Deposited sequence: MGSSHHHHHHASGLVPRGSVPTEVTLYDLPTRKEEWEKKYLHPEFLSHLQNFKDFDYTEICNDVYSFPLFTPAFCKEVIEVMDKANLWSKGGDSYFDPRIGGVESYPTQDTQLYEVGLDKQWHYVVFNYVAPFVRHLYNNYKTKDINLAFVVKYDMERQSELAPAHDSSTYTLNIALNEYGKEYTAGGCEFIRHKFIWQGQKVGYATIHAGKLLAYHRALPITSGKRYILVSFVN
């Protein structure tokens, strides 16, 4: 049987091939040549996951229908928290060491999927996150499945729109990257957000 989201780290090799973006995967040992973009001071956009990861994550959340000030479901509520912990400590933490002067990842505060729709935009007030760093993955396709949306970095005076499926944004949680989501004008927009200490 084909590997599933749940099979990390038991079926590590197969999981990686199916779920991690080939560009990220091929640079695990050498981030010097990895194609990431500094979109504004100290905020990076980079390929992380494949379309298959994103599609399956959305299916799991849609099917669980455990949606909860924003409409979200914690990874622990669908039994994906141990998998996420593995992703963060094994794959993301070395990339953080590279980006941020050898900063060592301590622990995960929160990991959840957010579903923005036309009834549930949230307040969209600016905030500092409860984290040392925040990871934000776009799970579904701009234009095809939603319009407008995106992210405003208040301090940086920078608007980030049209994030690609499976691409991540990373930024400081507290102090230095005050931010808000932007409203969508149609459809549904799904993101995976994690608050890491």
property	result
Sequence ranges without modelled C-alpha atoms (deposited numbering)	1 to 21, 90 to 106
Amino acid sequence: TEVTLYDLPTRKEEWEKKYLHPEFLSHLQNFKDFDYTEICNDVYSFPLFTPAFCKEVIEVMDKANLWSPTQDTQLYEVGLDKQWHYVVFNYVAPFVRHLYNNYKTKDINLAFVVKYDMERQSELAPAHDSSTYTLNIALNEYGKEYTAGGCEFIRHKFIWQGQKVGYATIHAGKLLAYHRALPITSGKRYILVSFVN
From here on, numbers count along this sequence of modelled residues.
property: 181 to 189 or 9 to 17, whichever carries the higher mean Cα B-factor; result: 9 to 17
property: 69 to 77 versus 95 to 103 - which carries the larger mean C-alpha B factor in the record; result: 69 to 77
property: Member of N140, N41, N136, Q163 with the greatest C-alpha B factor (per the PDB record); result: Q163
property: Top Cα B factor in the deposited entry, candidates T169, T37, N30, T132; result: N30
property: CA B-factor ranking of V113, expressed as a third of its chain; result: lowest
property: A148 by Cα B-factor - lowest, middle or highest third of the modelled chain; result: lowest
property: B-factor third for the C-alpha atom of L48 within its chain; result: lowest
property: Assigned third (lowest, middle, highest) for the C-alpha B factor of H128; result: middle
property: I154 - Cα temperature factor, lowest/middle/highest third of chain; result: lowest
